[PDB]
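Engineer: There's a structure below that I have some questions on.
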Amino acid sequence: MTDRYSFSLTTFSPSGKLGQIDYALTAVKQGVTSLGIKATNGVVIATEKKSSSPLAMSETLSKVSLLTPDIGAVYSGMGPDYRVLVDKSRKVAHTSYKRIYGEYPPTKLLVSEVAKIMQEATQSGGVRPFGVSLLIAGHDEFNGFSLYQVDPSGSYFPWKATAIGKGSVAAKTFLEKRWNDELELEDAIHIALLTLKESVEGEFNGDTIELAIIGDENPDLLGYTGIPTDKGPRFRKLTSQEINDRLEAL
Amino acid sequence: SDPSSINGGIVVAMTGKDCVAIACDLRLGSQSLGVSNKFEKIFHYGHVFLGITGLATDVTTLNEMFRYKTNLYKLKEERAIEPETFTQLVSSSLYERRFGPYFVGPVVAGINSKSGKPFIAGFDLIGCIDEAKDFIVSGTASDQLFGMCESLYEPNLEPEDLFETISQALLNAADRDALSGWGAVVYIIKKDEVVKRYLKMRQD
Amino acid sequence: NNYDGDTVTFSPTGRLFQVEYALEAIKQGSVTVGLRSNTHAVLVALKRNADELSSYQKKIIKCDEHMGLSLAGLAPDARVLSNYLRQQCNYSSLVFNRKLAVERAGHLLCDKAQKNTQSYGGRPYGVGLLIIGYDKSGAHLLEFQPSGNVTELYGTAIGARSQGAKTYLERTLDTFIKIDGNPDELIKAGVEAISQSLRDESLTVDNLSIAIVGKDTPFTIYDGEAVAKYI
Amino acid sequence: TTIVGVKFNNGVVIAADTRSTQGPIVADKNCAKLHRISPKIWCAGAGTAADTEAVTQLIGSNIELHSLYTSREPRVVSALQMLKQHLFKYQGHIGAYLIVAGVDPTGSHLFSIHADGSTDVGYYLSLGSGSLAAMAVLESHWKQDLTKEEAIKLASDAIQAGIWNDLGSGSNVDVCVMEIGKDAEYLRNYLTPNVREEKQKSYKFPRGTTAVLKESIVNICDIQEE
Amino acid sequence: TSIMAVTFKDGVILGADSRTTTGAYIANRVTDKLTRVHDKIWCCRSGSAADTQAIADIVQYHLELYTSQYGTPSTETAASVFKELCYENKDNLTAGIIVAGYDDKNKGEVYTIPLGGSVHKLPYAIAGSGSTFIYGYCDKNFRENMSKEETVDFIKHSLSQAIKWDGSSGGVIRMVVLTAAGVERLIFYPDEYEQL
Amino acid sequence: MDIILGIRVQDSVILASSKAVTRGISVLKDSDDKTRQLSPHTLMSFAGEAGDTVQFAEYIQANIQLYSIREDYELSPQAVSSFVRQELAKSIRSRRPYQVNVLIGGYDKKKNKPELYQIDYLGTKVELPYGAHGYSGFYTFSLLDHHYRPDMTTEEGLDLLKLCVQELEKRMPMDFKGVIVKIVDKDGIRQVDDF
Amino acid sequence: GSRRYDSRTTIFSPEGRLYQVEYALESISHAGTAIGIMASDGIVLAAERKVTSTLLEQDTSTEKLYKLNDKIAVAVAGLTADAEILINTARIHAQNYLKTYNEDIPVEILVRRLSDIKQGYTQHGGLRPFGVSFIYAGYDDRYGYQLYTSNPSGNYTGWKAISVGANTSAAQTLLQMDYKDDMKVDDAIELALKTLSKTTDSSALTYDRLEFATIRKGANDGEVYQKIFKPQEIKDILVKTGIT
Amino acid sequence: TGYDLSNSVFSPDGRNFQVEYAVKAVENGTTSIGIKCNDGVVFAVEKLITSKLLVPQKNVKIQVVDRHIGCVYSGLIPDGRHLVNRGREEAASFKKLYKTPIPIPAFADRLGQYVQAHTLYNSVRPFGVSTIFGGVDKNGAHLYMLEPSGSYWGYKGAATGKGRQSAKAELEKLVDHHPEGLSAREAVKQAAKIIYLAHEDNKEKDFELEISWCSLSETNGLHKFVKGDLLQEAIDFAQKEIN
Amino acid sequence: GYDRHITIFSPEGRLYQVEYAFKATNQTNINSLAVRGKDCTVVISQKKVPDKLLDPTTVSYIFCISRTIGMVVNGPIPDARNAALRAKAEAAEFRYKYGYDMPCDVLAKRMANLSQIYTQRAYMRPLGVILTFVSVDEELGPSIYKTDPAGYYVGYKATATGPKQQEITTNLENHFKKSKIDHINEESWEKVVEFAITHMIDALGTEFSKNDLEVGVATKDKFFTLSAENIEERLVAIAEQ
Ligand SMILES: [Mg+2]
């Protein structure tokens, strides 16, 4: 035994392409569409719950995930690669930040950490890159609201709004038309829902759509009272019912 | 032989109205022998102030360490560290040496640049946080400092009143300690000016 | 062909070519014979020289007072394997005050060679060995091949043209097995056997190596003038 | 230190005094000895203050990650098990003596844990230097089927025994209540029976009282433009 | 501690007092010293509470994993796992454990594991500080193949005496009955056993 | 090793270090130089446990000589003294710590200033006008506290040192066999060969 | 076994070049152009972002220019993620040096260590090299203002003006033409922009497709200030030099 | 293609060709069998007499594990020994921790997981043997057969090697014509017969028969070799059945 | 094309070794099916003993992982047992560390993560198995969670696996479209087993004897497998209806 693959599996071709990263981006392109929009008082991230069988219970599969109480993530690409990145992203928020500073990391730095892990899978021995692009939305005191995209290469960029996967090119054009710097969070949810309908074939309702927000603090979701300065998570996953209420208003 | 009282020295910090004050003596000795009268024990990283009493090699080492960590913090976070956060970093750092600790009594002081709240805190050598409204004391004359502060202190003093109070608390505590004195400095800290005053005191 | 690049690969017919190639190094090696009675066991080995200015490569190695072997193939591999035996014989003495049974020495040699045929980066041993010894159950001759297969025999031979000596021994079986109590006769018979494998050359005073172990005889090697008696 | 835990009808309550001492000296008059491990699992700590804080946060962190991994609300027996195995490994050198309590899908729970990693189960417990004063009160007034109001009262009465009778304990009473199906209510300074009386004199100084050699403006700003 | 386990005609009964002590202070007067490592393999704990708890937790883990792979373990197997832990870590443990279980082939069995980590299979066993005071009594009153009630009485009377003389022992008498019929917990309060 | 002194005058640093080496009952040597040149304008004197003193001094010397070659440049006395402090602070929590105290005297060619640094085995560093290690300061500091001036000449510094050594020779129980004196200024390091 | 799948990233071609270094340099030649110009009274760093979207958040963005310490910054051309690994290493080395010697790290020493790290990836360990070239702009009290570049080979050299990334051949010619030694910072700013203006593959040069930074003596007396330009400031300097 | 050049690689069918190539070496080996009887198991094997020079009785092939388990195998002999050595470590460690001797089903999985482990990596080669083994534990008799893939099951009877089909056929007959059980001594005889009958497929060279058994009644649940008188009796029985 | 042999991306962003591992999944030619009752979770799998020499009792692809969790495997037996042993070790460790029984869905996630690693790390091959985990979870009730060689997992109302999974799947889909509920509205597990066998017969169009099947049942606080004769009792009741 032992891992005797101590050499890189991603290397430069004569044209300067990094083949495995490109091929990983291709796996992301095949992936289901997901998006994010930044409002003045919130961020929304959303995607389609493309269920494999109708015997599958698709609420048991979380495509949108809480990383910290003020940071959420969604993806396009290979779900299993996403699931482990979320496990690692949650742990690294604690080990390299909260256990040191006694507070959760700001969005850009947690993204920086996830990006690092993805870069290392692009250069380390005996591994392939991750076959996902992430959209990470969050809030922190000194930077306000932000939205980030993280690619298999490890590169990350801040966005006002964007989409990734299957119908990304059309979706990005849709978002360019509707985005402005004065959107209130409800407006961005409405736009997200409109954008998402384009790339969705079959049923389009609160049970086939997964959608969360980074918005106001939710003291009702904290679980305890009596510390004035703990005001609760800003991350909130919308219910099946909440989504459907906004689809009649559509 | 007791590391926390080989070199001697003291630090005190207090809160007032929209200000904090942190002060220290200037003595460094090898037990009975006075060695230096210019060993300042208060350092700052941006607008956050850190006083450290105890074993002098660890005092120097820790200043060098927190300079290192706050510099990297600033580069990554693109902002200066706040007192609340720094306090947690100090605690983390000390507890990481739980079974071979730095022999120190650190004190943090500063005003949060966002909220404007004045902040002080004290630590034991092993990282325990004492976050007091009123005052923090540390060093070989900490008993004396507790005595002075407990009667001299009143809340919401104006910067130049707070100066008299903290100076008197330090000076008279130092004069009842063989291992403290030989000079003194007081920092008066407001949201956007910091004044540093050296006190005249007896040199025995 | 496509399946002979390393020891970790089977051919589609289920063969291990690196092992078979190692077996080939034995065949190019000089001939050596082993045989035993009920009281003694003898090794005879034809030593090969490089040219007329060179010495004749030593082919027999002592492992303990009651055990030793002859080699055919890569000599440094025999040195490695014989050294391992010297240790195993030794460990049995120091710890258990027990002389290591020839049968156990075979099992340990089999198991050592085997590990080099199942792992990446290793290579099989490129040498064959004839192990004689006298232990608590009498005289013994063993044949080691680097595939891992160890075999107990009355007599055998390995190396270039070893087939001649092997049939001679196959004929002589009932005769030489009886040679109890006469060391010099058992050697005489071994020298006759190795002579079925000669061609162009014959046995000289610095050509021939004989070793013997038995009931009241420590494993001892005869070279030089001490083999003229048998030429 | 005095810490207690009392079970009631539909939950569990813990309380603690607020004095931390360096030998005979009171370092902090209003110390927080009630620690949150998860929203509905709190534990009171006695012993070495850094150890109780540190071990509480480490296990709290790992519990959070566990909760996220399992998509379940954390249980008290997990906090207990993680705490005890950590403490046992350090053979008592981590000086944390904890009363661990909370509510979870399984029900309401009350445990204590010694620094060497030995644990126990009960309806009422106490730990710390004031534990004997407290336990005397618990053994005198505890009964089966306490209501929430009765348990809060018993718990803080037991902390008061410690405050008044034990020199290792003093100042204020903190309480936390963990009731099934409700948010935990952390009641910081639930009692305040030790306000310092007004001083006889003001010690505010005339300005200029203190002798000064030098002043200087200290530059806290970064390097400046232009 | 006063602990004991007794084999009888229908299986085995474990018994213990309920006192945990830090010096003269009774840290817990209602302790459960009868611990379960498998459905019908239990142990009595004496010595350091931290050590005996940590050991029992590990043994329970080993026997759960054993069960998943090879089916129900024997009482002998359980005792061996305890012994391995107690023997290999003798320098850092203060643990005197009695292991008691019920097989269907082997019926009731009792193994005692004293401080050094040796194992001793016995018809009955006694241990803990309180045991010293009842060596005489137990040796005179134990017979083989008692009934359930006779065995309950033997343990009740024995631990009553151990509690009477040993200040370290006290509280309630807990017992656990192990037979083919299942698992029965018993408790006896001061006013019952003191007057015996 | 026993007495080591340092004084910083107008334009130079002067180090004086005892010449005796004692192995318990006998004085093995009376001409021992307890000093190492770290760079052309930096000198380090040392005292502490036998063996460790020289081992440490030479180790530091090698590191600074290595730095000088790599960068083709001389480190400032402050920089050298910080490196040395770190090495001692490193050592104090080692398995077997260096029991060595040092004085570092250098002339900073950039700032044109002499500088004297006192560092004990714990890695306790202090910049001083004059300094000592062990018991030396107990006898001499009252003279230096009296006579020292920041604007003394090199010869006024040597006279004040002469007085310091005389007090030591009067009141110290140990015969330390005199001192070797070395001067560190803008032109480098030289030895006063008569004292 | 595993040898079959090994690319052998650290071997010579028969011509004696390092395949992976050459191919990484090829990757870098498609990256946004970054230019550094050195003057008597300061240094300029200008770099072009890769073709942006209108929805990209520009003001909260960093892709090209990074602060190493208070006196040293770098411009990046290549894989951003690769560069951040190296940047954090460099930031740490700067602090180790400061902790050890209580003096800020001389620019070259920081540059040499980063270059030495890159070099290692070309000689041992069988890993792909970092697809990054840096322009280092820094000040220290020995050599004053300094410009350096390092590339995936781990070779570094010093410059009065230099470009990396796309169209360096074109850009180097334009710099060689207008650069003079007695030049000032404000002139250098203009030259840097003028050069990107002419070498860009985009239709025109706007504020939103740029990052810009200066290192100046421009503070109060013998000290140094780093200025990472906010989007508005780039827009103003673009107008001020009459490029928009 | 190229899928068969490296162990642990799935072909597009879903197969591991290197394991399948290992099977060829097994099929190339001498015949070996196991028969499960009333209170035990019997193992037998064909030993090819390559030469007159092979000391008879002295190149023993059947191997004991612990005191109650017998193992026999066809294929690469050293690979078999390596596997038995691991089996002996697994049995020792089980006994050490749990006191009781390792149950046969538990023992089978230990070998199973170890053999399967050599199909997970390209850095090792699969085992070039099929191994028949078993014995008597507290739950009675068990016979197992284990392939190079790591696949194993319990058997009424089992065979492997060049004469495996001949033997398989003969085993099926006993199973049909003794559906209420077969005694230990019966099984010993039948084992001799089946090896003699299966020797047709290896007829160039003549052979040496080797048998072992564990039986609750006949060997006390311990593994013993069949020597001398009982061996000769079963040799005779078989020699009479080929004529 | 060496991107076919190890788990690195193909130019179309595929992992052929993962895909080919899915193909090994059907090598046994067995079909399996799982359904949930009110109080229980039932799993049935075809049982095929071709060789008359085999001991039929030792031939199984159903595993008792813990007191509460059962696992059925679709794929070759060596990879199945490798997965079973690991899951047993993981469930016991979880109990020791966290002080409660490992939930079905959590164990499924854990094994799914382990599988994911083999899709990313070159030296480890994927296992040619699909793992269907069943229990009556103390928080979630009857549970089915299934794992594959890609590292994917999800909860199911009911599920099927094997060569003829599609026939079984649609048969089950059609039932739930009709009944309009998440489970089999049945009191006793005996009847839920009967439902499971019945709907397997309809979809496969085959008749079963007592030795052609293999049944596992999860209830509150134990998972158990039925004997030949428990199944026989089940078949008889089906025939009389
Ligand atoms: Mg004095």
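Residue names in the structure tokens use chain letters A, B, ... in the order shown, residue numbers from 1 in each chain, and ligand numbers from 1 in the order shown.
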Could you pull out the residues sitting within 10 Å of ligand 1, using only C-alpha atoms and all ligand atoms, and write them as a list in words?
Structural biologist: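 For ligand 1, the residues inside 10 Å are residues 32, 33, 34, 175, 177, 178, 179, 180, 181, 182, 202, 203 and 204 of chain B.
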Engineer: Suppose we keep N, CA, C and O atoms; can you now write the selection as an mmCIF file, in the first residue's frame?
Structural biologist:
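Produced file out_18.cif, reproduced below:
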```cif
data_model
loop_
_atom_site.group_PDB
_atom_site.id
_atom_site.type_symbol
_atom_site.label_atom_id
_atom_site.label_comp_id
_atom_site.auth_asym_id
_atom_site.auth_seq_id
_atom_site.Cartn_x
_atom_site.Cartn_y
_atom_site.Cartn_z
ATOM 1 N N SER B 32 17.325 42.094 43.761
ATOM 2 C CA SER B 32 17.636 43.316 44.517
ATOM 3 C C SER B 32 18.278 44.399 43.642
ATOM 4 O O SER B 32 18.103 45.593 43.896
ATOM 5 N N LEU B 33 19.005 43.976 42.610
ATOM 6 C CA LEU B 33 19.727 44.896 41.730
ATOM 7 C C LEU B 33 18.809 45.548 40.703
ATOM 8 O O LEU B 33 18.220 44.860 39.870
ATOM 9 N N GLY B 34 18.697 46.872 40.761
ATOM 10 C CA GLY B 34 18.068 47.639 39.687
ATOM 11 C C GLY B 34 18.994 47.651 38.484
ATOM 12 O O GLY B 34 20.191 47.899 38.627
ATOM 13 N N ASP B 175 5.538 52.783 45.273
ATOM 14 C CA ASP B 175 6.338 53.217 46.420
ATOM 15 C C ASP B 175 6.220 52.274 47.623
ATOM 16 O O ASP B 175 7.006 52.377 48.566
ATOM 17 N N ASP B 177 6.350 48.964 46.933
ATOM 18 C CA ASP B 177 6.913 47.749 46.348
ATOM 19 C C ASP B 177 8.390 47.958 46.036
ATOM 20 O O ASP B 177 8.755 48.859 45.281
ATOM 21 N N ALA B 178 9.229 47.110 46.623
ATOM 22 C CA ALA B 178 10.674 47.155 46.406
ATOM 23 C C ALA B 178 11.050 46.978 44.936
ATOM 24 O O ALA B 178 12.021 47.569 44.469
ATOM 25 N N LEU B 179 10.270 46.174 44.215
ATOM 26 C CA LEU B 179 10.604 45.775 42.845
ATOM 27 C C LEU B 179 9.922 46.598 41.743
ATOM 28 O O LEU B 179 10.120 46.321 40.559
ATOM 29 N N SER B 180 9.133 47.601 42.125
ATOM 30 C CA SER B 180 8.540 48.529 41.160
ATOM 31 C C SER B 180 9.052 49.949 41.381
ATOM 32 O O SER B 180 9.578 50.269 42.448
ATOM 33 N N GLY B 181 8.893 50.790 40.361
ATOM 34 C CA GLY B 181 9.245 52.210 40.443
ATOM 35 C C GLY B 181 10.269 52.623 39.401
ATOM 36 O O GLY B 181 10.168 52.234 38.238
ATOM 37 N N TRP B 182 11.248 53.427 39.818
ATOM 38 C CA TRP B 182 12.343 53.871 38.942
ATOM 39 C C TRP B 182 11.850 54.570 37.662
ATOM 40 O O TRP B 182 12.498 54.502 36.616
ATOM 41 N N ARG B 202 10.141 59.239 43.027
ATOM 42 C CA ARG B 202 11.346 58.867 43.765
ATOM 43 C C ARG B 202 12.088 57.708 43.094
ATOM 44 O O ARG B 202 11.465 56.817 42.518
ATOM 45 N N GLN B 203 13.418 57.729 43.180
ATOM 46 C CA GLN B 203 14.261 56.785 42.441
ATOM 47 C C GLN B 203 14.994 55.793 43.349
ATOM 48 O O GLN B 203 16.152 55.448 43.098
ATOM 49 N N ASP B 204 14.309 55.331 44.394
ATOM 50 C CA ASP B 204 14.829 54.267 45.256
ATOM 51 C C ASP B 204 13.851 53.092 45.296
ATOM 52 O O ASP B 204 13.854 52.277 46.223
#
```
Engineer: Check every residue of chain B for an atom within 9 Å of chain G, counting only C-alpha atoms, and provide those that qualify as a list in words.
Structural biologist: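 Every residue of chain B that passes the 9 Å test is in residues 61, 64, 65, 67, 68, 69, 71, 72, 75 and 76 of chain B.
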Engineer: Using only C-alpha atoms, which of the listed residues (A:63, A:91, A:49, A:237) sits closest to chain D?
Structural biologist: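 Under the stated criterion, the closest residue is A:91.
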Engineer: Find the residues near residue 40 in chain F: any atom within 8 Å, counting only C-alpha atoms, skip ones fewer than 2 places away on the same chain, and give them as a PyMOL selection string.
Structural biologist: chain F and resi 37-38+42+74+188-189
Engineer: Near range 43-52 of chain C, counting only C-alpha atoms, which residues have an atom at most 10 Å away, once you skip same-chain residues fewer than 2 positions from it, shown as number ranges by chain?
Structural biologist: C: 29-36, 41, 54-60, 68-72, 130-132, 141, 155-159, 186-195, 197-198, 202-204, 206-213, 221-222
Engineer: I'd like the neighbourhood of residue 235 in chain H as a short mmCIF file (atom, residue, chain, number, x, y, z; two decimals) with C-alpha atoms, in the first residue's frame, where a residue qualifies if any of its atoms comes within 9 Å (using only C-alpha atoms), though same-chain residues fewer than 3 positions away should be ignored.
Structural biologist:
```cif
data_model
loop_
_atom_site.label_atom_id
_atom_site.label_comp_id
_atom_site.auth_asym_id
_atom_site.auth_seq_id
_atom_site.Cartn_x
_atom_site.Cartn_y
_atom_site.Cartn_z
CA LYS H 189 -11.74 -42.28 2.49
CA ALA H 192 -8.56 -40.14 -1.00
CA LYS H 193 -10.86 -41.37 -3.79
CA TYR H 196 -7.09 -40.15 -7.05
CA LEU H 209 -1.62 -38.15 -1.30
CA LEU H 230 -5.44 -44.62 8.59
CA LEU H 231 -3.68 -43.10 5.57
CA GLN H 232 -2.80 -46.51 4.08
CA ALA H 238 -9.14 -45.22 -3.54
CA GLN H 239 -6.89 -47.62 -5.49
CA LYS H 240 -9.74 -50.14 -5.56
#
```
Engineer: Would you list which chain A residues are within 9 Å of chain B using only C-alpha atoms, as a list in words?
Structural biologist: residues 99, 100, 101, 102, 103, 106, 108, 109 and 142 of chain A
Engineer: Next, the residues of the selection above should be written as a PDB file, in the first residue's frame with N, CA, C and O atoms.
Structural biologist:
```pdb
ATOM      1  N   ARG A  99     -11.426  29.514  16.999  1.00  0.00           N
ATOM      2  CA  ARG A  99     -10.634  29.049  18.141  1.00  0.00           C
ATOM      3  C   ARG A  99      -9.459  29.975  18.450  1.00  0.00           C
ATOM      4  O   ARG A  99      -8.845  29.867  19.509  1.00  0.00           O
ATOM      5  N   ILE A 100      -9.154  30.880  17.523  1.00  0.00           N
ATOM      6  CA  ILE A 100      -8.103  31.875  17.711  1.00  0.00           C
ATOM      7  C   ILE A 100      -8.673  33.228  18.150  1.00  0.00           C
ATOM      8  O   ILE A 100      -8.233  33.792  19.152  1.00  0.00           O
ATOM      9  N   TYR A 101      -9.646  33.742  17.401  1.00  0.00           N
ATOM     10  CA  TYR A 101     -10.153  35.103  17.609  1.00  0.00           C
ATOM     11  C   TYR A 101     -11.471  35.182  18.384  1.00  0.00           C
ATOM     12  O   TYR A 101     -11.932  36.278  18.704  1.00  0.00           O
ATOM     13  N   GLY A 102     -12.081  34.035  18.673  1.00  0.00           N
ATOM     14  CA  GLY A 102     -13.332  33.997  19.436  1.00  0.00           C
ATOM     15  C   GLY A 102     -14.538  34.550  18.692  1.00  0.00           C
ATOM     16  O   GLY A 102     -15.523  34.953  19.308  1.00  0.00           O
ATOM     17  N   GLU A 103     -14.452  34.574  17.367  1.00  0.00           N
ATOM     18  CA  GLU A 103     -15.539  35.045  16.510  1.00  0.00           C
ATOM     19  C   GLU A 103     -15.441  34.337  15.162  1.00  0.00           C
ATOM     20  O   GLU A 103     -14.403  33.762  14.839  1.00  0.00           O
ATOM     21  N   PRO A 106     -14.753  36.515   8.606  1.00  0.00           N
ATOM     22  CA  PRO A 106     -15.471  37.308   7.622  1.00  0.00           C
ATOM     23  C   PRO A 106     -15.527  36.551   6.299  1.00  0.00           C
ATOM     24  O   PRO A 106     -14.664  35.710   6.034  1.00  0.00           O
ATOM     25  N   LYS A 108     -14.877  36.978   3.063  1.00  0.00           N
ATOM     26  CA  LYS A 108     -13.693  36.919   2.190  1.00  0.00           C
ATOM     27  C   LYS A 108     -12.605  35.958   2.680  1.00  0.00           C
ATOM     28  O   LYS A 108     -11.965  35.287   1.870  1.00  0.00           O
ATOM     29  N   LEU A 109     -12.394  35.896   3.994  1.00  0.00           N
ATOM     30  CA  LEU A 109     -11.332  35.056   4.556  1.00  0.00           C
ATOM     31  C   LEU A 109     -11.712  33.586   4.604  1.00  0.00           C
ATOM     32  O   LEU A 109     -10.867  32.728   4.361  1.00  0.00           O
ATOM     33  N   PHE A 142     -17.587  44.472   9.408  1.00  0.00           N
ATOM     34  CA  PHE A 142     -16.732  45.490   8.781  1.00  0.00           C
ATOM     35  C   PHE A 142     -16.759  45.516   7.246  1.00  0.00           C
ATOM     36  O   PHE A 142     -16.265  46.469   6.643  1.00  0.00           O
TER      37      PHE A 142
END
```
Engineer: Residues near residue 148 in chain D, anyone? I mean within 10 Å using only C-alpha atoms, not counting same-chain ones fewer than 5 positions away, as a list in words.
Structural biologist: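 In the requested format, the answer is residues 6, 7, 8, 9, 10, 11, 12, 13, 153, 154, 177, 178 and 179 of chain D.
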Engineer: Selection from above, C-alpha atoms, as a compact mmCIF listing (two decimals), in the first residue's frame, can you write it?
Structural biologist:
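Result written to again01.txt:
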```
# COMPACT_ATOMS: atom_id res chain seq x y z
CA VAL D 6 -31.18 21.42 39.89
CA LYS D 7 -33.63 19.40 37.78
CA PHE D 8 -37.30 20.40 37.67
CA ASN D 9 -40.58 19.27 36.04
CA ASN D 10 -39.85 20.15 32.43
CA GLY D 11 -36.14 20.99 32.39
CA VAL D 12 -32.99 21.85 34.33
CA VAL D 13 -31.46 24.95 35.97
CA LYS D 153 -35.26 29.50 44.08
CA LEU D 154 -33.53 26.39 45.43
CA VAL D 177 -32.73 27.88 32.74
CA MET D 178 -33.08 25.13 30.13
CA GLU D 179 -36.73 24.14 29.69
```
Engineer: Write out as an MDAnalysis selection string all residues of range 79-173 of chain B that DSSP puts in alpha helix (DSSP H) for this structure's backbone.
Structural biologist: chainID B and resid 83:95 142:152 159:173
Engineer: Using only C-alpha atoms, determine which residues lie at most 9 Å from range 54-57 of chain G, disregarding the query and same-chain residues fewer than 5 positions distant; provide the list as a PyMOL selection string.
Structural biologist: (chain A and resi 147+157-162+172+175-176+179) or (chain G and resi 208)
Engineer: Would you give me, as a ChimeraX atom specification, the residues in range 27-153 of chain H that DSSP reads as strand (DSSP E)?
Structural biologist: /H:32-37,40-48,63-65,69-75,129-137,140-146,152-153
Engineer: Residues of chain B within 9 Å of chain D, counting only C-alpha atoms - could you list those as a VMD selection string?
Structural biologist: chain B and resid 44 to 48 91 to 92 95 98 124 126 to 132 136 to 137 143 146 151 to 154 157 160 to 165 167 to 168 187 192 to 201
Engineer: One decimal, Å: what's the distance from CA of residue 185 in chain E over to CA of residue 81 in chain D, could you say?
Structural biologist: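 So the two atoms, CA of residue 185 in chain E and CA of residue 81 in chain D, lie 24.6 Å apart.
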Engineer: Contacts between chain D and chain E, please, where a residue of chain E counts if it comes within 9 Å (with only C-alpha atoms); show its shortest atom pair and distance in Å to one decimal, rows by chain and ascending number, as JSON lines.
Structural biologist:
```
{"residue": "E:25", "atom": "CA", "partner": "D:132", "partner_atom": "CA", "distance": 8.7}
{"residue": "E:28", "atom": "CA", "partner": "D:120", "partner_atom": "CA", "distance": 7.8}
{"residue": "E:30", "atom": "CA", "partner": "D:122", "partner_atom": "CA", "distance": 8.4}
{"residue": "E:31", "atom": "CA", "partner": "D:120", "partner_atom": "CA", "distance": 7.3}
{"residue": "E:32", "atom": "CA", "partner": "D:120", "partner_atom": "CA", "distance": 8.7}
{"residue": "E:48", "atom": "CA", "partner": "D:118", "partner_atom": "CA", "distance": 8.3}
{"residue": "E:49", "atom": "CA", "partner": "D:118", "partner_atom": "CA", "distance": 5.5}
{"residue": "E:50", "atom": "CA", "partner": "D:118", "partner_atom": "CA", "distance": 3.9}
{"residue": "E:51", "atom": "CA", "partner": "D:118", "partner_atom": "CA", "distance": 7.7}
{"residue": "E:52", "atom": "CA", "partner": "D:118", "partner_atom": "CA", "distance": 8.8}
{"residue": "E:53", "atom": "CA", "partner": "D:118", "partner_atom": "CA", "distance": 6.9}
{"residue": "E:54", "atom": "CA", "partner": "D:85", "partner_atom": "CA", "distance": 7.7}
```
Engineer: Looking at only C-alpha atoms, which of I:188, I:174, I:74, I:113 is the one that sits closest to chain D?
Structural biologist: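 Smallest separation from chain D among the options: I:113.
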Engineer: So the first atom is CA of residue 101 in chain E and the second is CA of residue 42 in chain E; what is the distance between them in Å, to one decimal place?
Structural biologist: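 Calculated distance between CA of residue 101 in chain E and CA of residue 42 in chain E is 6.1 Å.
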Engineer: For a quick test of understanding: name the residues of chain G lying within 12 Å of chain C when counting only C-alpha atoms, and present them as a ChimeraX atom specification.
Structural biologist: /G:1-4
Engineer: Within 6 Å of chain D, which residues belong to chain G? Use only C-alpha atoms and report them as a PyMOL selection string.
Structural biologist: chain G and resi 218-219+225
